[PDB]
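For reference, the structure discussed in these notes is given below.
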Ligand SMILES: Nc1nc2c(ncn2[C@@H]2O[C@@H]3COP(=O)(O)O[C@H]3[C@H]2O)c(=O)[nH]1
Ligand SMILES: Nc1nc2c(ncn2[C@@H]2O[C@@H]3COP(=O)(O)O[C@H]3[C@H]2O)c(=O)[nH]1
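See the structure below:
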């Protein structure tokens with residue numbers, strides 16, 4: 292329960308996981324070192340070439356003193372070679388040493404395969420976001436290589452992915468969306484976007500229940516520079532609140548700018564609000580265009 | 101031109117999103133790889149700048165019949181009974197290895213000039229403010245001073261190796277080339293260069309295996325330098341684990357002790373230890389046991405991580421074929437369990453052969469659940485431009501209808517002889533021909549009225565609501581695929597959404613539908 | 292395209308996959324056997340204890356005749372121990388043999404890790420339905436044991 296509560300509370304969880312599995316490895320090799328030296332001193336030291344002693348010649352070579360440190364150091368090395376199944380140790384002689392080495396090598400195979408599979412998974416999940424990102428971009432790039440898509444649009448997609456990795460604006464709200472409760476989700480989302488949603492006039496000139504209702508139905512979408520978010524011929528099913536970026540309300544020539552849109556601006560609502568006073572209705576009434584990258 | 105260079109560098113400001121900056125990050129990656137490999141190699145294998153000491157082998161002379169401590173030949177470094185002693189040069193080898201040392205200090209000054217241009221570009225680095233880079237000098241210099249990048253660049257450019265990293269003969273300073281690990285501190289530019297190179301690459305898995313082969317070579321090289329540093333710190337030839345004459349794997353019979361032999365045996369020892377093959381001599385002293393136990397466990401953990409990443413990388417080179425064959429294994433096991441007819445089994449197998457031969461699998465899931473709908477619609481109108489230029493409901497009307505409907509079209513592949521529509525069935529969909537040829541036939545299947553080619557529109561009579569004829573929701577004709585046919589399927593709901601929003605396409609569709617219904 | 296169309300049309304797909312990867316293994320060990328014996332005869336046979344010859348004593352022990360079958364059999368065994376990184380072969384002597392054995396052992400590590408990972412996935416997917424079934428039943432049984 293202490294290790295589970297420490298992995299829960301940790302700000303560095305994968306570092307704690309590799310420290311715990313290194314401790315597990317050291318405890319297992321230490322216990323097998325003690326088993327090897329107990330079987331060596333139970334058989335009798337120096338009685339054959341597998342047991343620790345003078346006949347071993349890996350344990351006690353020339354100009355090497357038999358000390359307690361030498362006993363623990365050779366037993367830890369023997370267990371490191373046996374449990375990792377390198378096996379560069381002397382062969383067993385008696386049948387009880389064959390039985391112990393066969394059982395201990397198969398225990399080493401099974402539990403060290405389990406352990407380093409967990410280690411490989413742990414240092415694989417230190418880069419799971421970059422792996423999922425590059426699997427998505429490999430899918431997009433293979434689709435664009437198969438379908439003979441234009442090179443301008445290919446470098447537009449590649450620069451969009453470069454902006455999403457450089458600014459870390461990938462869709463990370465799936466985690467809070469399918470794990471956390473909506474009272475904690477709304478509190479986190481009003482915590483993060485507080486400086487953005489403090490600039491919104493439909494939220495700050497009205498009741499807080501509207502923002503508490505709408506803050507989970509807002510989706511973050513990243514647009515390229517020069518992208519037309521709205522133009523007059525298109526129909527509108529959505530409104531947009533500016534999280535980041537600068538926009539410009541332009542004409543059909545794209546030169547004359549009427550008004551710019553900064554962070555916290557509200558646009559795109561004229562198409563989805565139903566006013567019978569003008570000729571458009573569901574149509575967009577203006578051409579907005581992203582200056583840079585725009586969330 | 102001094103005022104030209106001076107004022108150009110005075111209000112220069114770097115855009116980090118350019119391709120030229122990415123090539124500069126590749127140059128900084130080259131300088132970092134230099135610093136990594138050759139700084140640990142010049143610290144450990146100190147004959148890389150010149151030996152700086154005279155090797156003195158004992159030699160039984162054939163003329164004077166006595167042993168002398170003369171300088172070693174390559175014949176005297178072969179089959180040694182003891183390792184040579186190293187008498188120090190008076191000038192520390194500067195009189196005869198100055199060309200090697202000036203080549204090394206030229207490449208050191210070259211990579212330090214690369215680091216100086218890199219920290220000047222850091223000093224004038226533009227930064228995103230509202231999706232645009234700031235590119236006047238005052239804001240980018242104050243953002244540089246606010247961000248402690250001056251601390252990271254100033255630790256990384258301390259020239260301590262230019263005073264203490266070279267053999268000085270006057271104070272008999274041996275040299276310390278390990279003082280460029282501060283140049284190894286600048287890892288973040290290298291990591292961003294590798295991430296931007298994997299982003300921009302047309303061959304991503306080849307770049308991934310090249311990067312992990314470079315990681316493997318750097319790790320085995322650093323462990324080679326650790327093994328030879330521990331071998332020369334214990335003392336060479338003192339036992340059978342350390343490099344030397346007592347090892348007999350390092351120096352066998354008729355093998356000369358050279359610097360190439362030292363690096364080659366250390367690289368081989370680290371290759372066998374980190375991959376845990378272990379066909380190397382056993383340790384003798386307790387410090388060698390501790391180093392080999394720690395280094396073998398580091399080899400187990402980090403090489404298990406590395407080759408697991410390698411196996412995943414060369415597994416994802418065929419992930420589409422693996423997913424395809426997992427789906428077909430599911431279909432084949434379902435058909436083997438359920439005793440389905442052999443004609444229908446070979447029809448399903450030939451359908452899968454057509455989807456792999458023509459690569460018409462559902463690949464729009466990727467753009468569907470990653471990309472924005474403005475980029476999705478631009479890609480889909482880029483790919484199917486020659487098909488949707490032939491469509492009369494799209495090219496005789498407004499472009500907003502095609503921009504609305506181009507994401508609601510689904511590609512479905514039909515077998516030859518398949519009946520896409522026949523008169524008894526009800527219709528919930530319309531079809532636009534992406535590829536293939538079709539035929540409007542009778543109930544006998546022999547008499548053909550009209551053929552349908554690429555860009556033809558059919559299937560709309562059932563889902564358009566005309567009260568002028570007896571059918572209504574029924575199909576009015578029997579269409580039949582001649583060969584394999586890709587079709588742009590569109591639902592009744594999505595069509596009637598785009599037709600309630602766009603009235604002129606509704607007028608043309610109901611006009612030509614009532615025209616073909618009233619001659620029919 | 293023949294191997295892809297054969298894996299498509301097969302009623303036993305996993306048996307065909309393990310036959311194809313056993314053929315891949317045999318072709319790779321055969322090509323490395325030919326590389327080892329070409330480097331052995333280019334260095335010169337019997338010149339040291341790593342090269343095939345009389346000084347090797349694993350290649351030509353006592354009462355073992357030097358034949359063409361012995362050359363191919365020892366080269367196939369050497370490549371089987373090197374590519375699977377068991378390594379119970381004589382150590383290199385000259386620097387070119389160290390370079391070849393280091394490169395060939397790292398090629399063995401990478402491409403045989405790829406190959407047996409594919410083999411383990413192939414004989415894991417022979418029982419994927421029973422594994423998914425027992426993962427579902429383990430979930431139901433753990434929910435019923437907890438509740
Ligand atoms: N027509 C018009 N639209 C504006 C102006 N300023 C901001 N907009 C916004 O631009 C949006 C474009 O799409 P909508 O027509 O849905 O809604 C429009 C308004 O929200 C303006 O001055 N004139
Ligand atoms: N009835 C009829 N249908 C045709 C003819 N030419 C093309 N079709 C198409 O065949 C389609 C079959 O399904 P639908 O009845 O939905 O719509 C029909 C028309 O779209 C024709 O000449 N007569």
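Protein chains in written order, with PDB author numbering: chain D, 292 to 586; chain A, 101 to 620; chain B, 292 to 438. Here a beta-carbon is modelled for each residue, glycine too, at the ideal position from N, C-alpha and C.
Put simply, the residues with a CB less than 6 Å from any heavy atom of ligand 1 are 521/D, 527/D, 540/D, 549/D, 550/D, 558/D, 559/D, 560/D, 561/D, 562/D, 575/D, 576/D, 577/D and 579/D, in chain order. Short note on residue 617/A: C-beta closer than 8 Å to some heavy atom of ligand 2. Residue 539/D holds the alpha-carbon nearest to the alpha-carbon of residue 550/D among 559/D, 544/D and 539/D. By alpha-carbon distance to residue 524/D, the top candidate from 478/D, 517/D, 502/D and 571/D is 571/D.
Under the DSSP definition of a beta bridge, residue 532/D partners with 557/D. For residue 323/D, the nearest beta carbon of chain A is not closer than 9 Å to its own beta carbon. Residue 388/B sits in a helix when the DSSP states are folded into three classes. Chain B places a beta carbon closer than 9 Å to that of residue 456/A, counting this residue as a contact. Residue pairing from DSSP places residue 586/A in a beta bridge opposite 513/A and 535/A.
As for any alpha helix (DSSP H) of minimum length 4 sitting wholly inside the segment 209-254 of chain A, the runs are 237-245, ordered along the chain. Just measuring C-alpha positions, the residue of 434/D, 330/D, 324/D and 372/D sitting nearest residue 482/A is 434/D.
Using a Cβ-Cβ cut-off of 7 Å, residue 379/A is close to 378 and 382 of chain B, given in chain order. Taking 9 Å as the cut-off, the beta carbon of residue 562/A is found no closer than this to the beta carbon of residue 430/D.
Relative to ligand 2, the beta carbon of residue 599/A is positioned no closer than 8 Å to any heavy atom. In the displayed model, residue 327/B falls within a helix according to three-state DSSP.
For residue 247/A, the number of other beta carbons within 10 angstroms of its own is below 16, and it is reported as exposed.
Of the residues 496/A, 419/A, 518/A and 118/A, the one whose Cα lies closest to the Cα of residue 427/D is 419/A. Set against 8 Å, the gap from the CB of residue 552/A to the closest heavy atom of ligand 2 is smaller. Closer than 8 Å to some heavy atom of ligand 2: that describes the Cβ of residue 571/A. Listed in chain order, the alpha helix (DSSP H) runs fully inside the segment 105-131 of chain A amount to none, counting runs of at least 4 residues. When DSSP reads this structure, residue 159/A sits in a beta bridge with 168/A. For the pair residue 230/A and residue 517/D, the CB atoms are not nearer than the 9 Å cut-off. At least one C-beta of chain B is nearer than 9 Å to the C-beta of residue 415/A.
For a cut-off of 8 Å, the C-beta gap from residue 586/D to residue 513/D is around 5 Å, short enough to register as a contact.
In this structure, the beta-carbon distance from residue 260/A to residue 284/A does not fall below 9 Å. At a cut-off of 9 Å between C-beta atoms, residue 314/A does not count as an interface residue with respect to chain B. By the Cβ rule, the segment 438-458 of chain A does not count as touching the segment 604-611 of chain A, because fewer than three pairs are nearer than 8 Å.
Excluding sequence positions up to five before and after residue 509/A, its CB lies within less than 6 Å of the CB of 588 and 590, all in the same chain and listed in chain order. Rounded to whole angstroms, the Cβ separation of residue 114/A and residue 232/A is 15 Å, and the two are not in contact under 8 Å. Put simply, the CB of residue 368/A is far from chain D, with every gap to its CB atoms at 9 Å or more. Distances taken from the Cβ of residue 586/A to the heavy atoms of ligand 2 include none shorter than 8 Å. Residue range 359-374 is occupied by the alpha helix (DSSP H) that includes residue 371/D.
Shown here, residue 341/D sits in coil according to DSSP, grouped into three states, outside any helix or strand.
Beyond the five residues adjoining it in sequence on each side, residue 526/A comes within less than 6 Å, by CB distance, of 573 in the same chain, given in chain order.
With respect to chain B, the C-beta atom of residue 343/A has no partner C-beta closer than 9 Å. When C-beta atoms of the segment 410-419 of chain A are compared with those of the segment 397-405 of chain B, three or more pairs fall below 8 Å, so the two segments count as touching.
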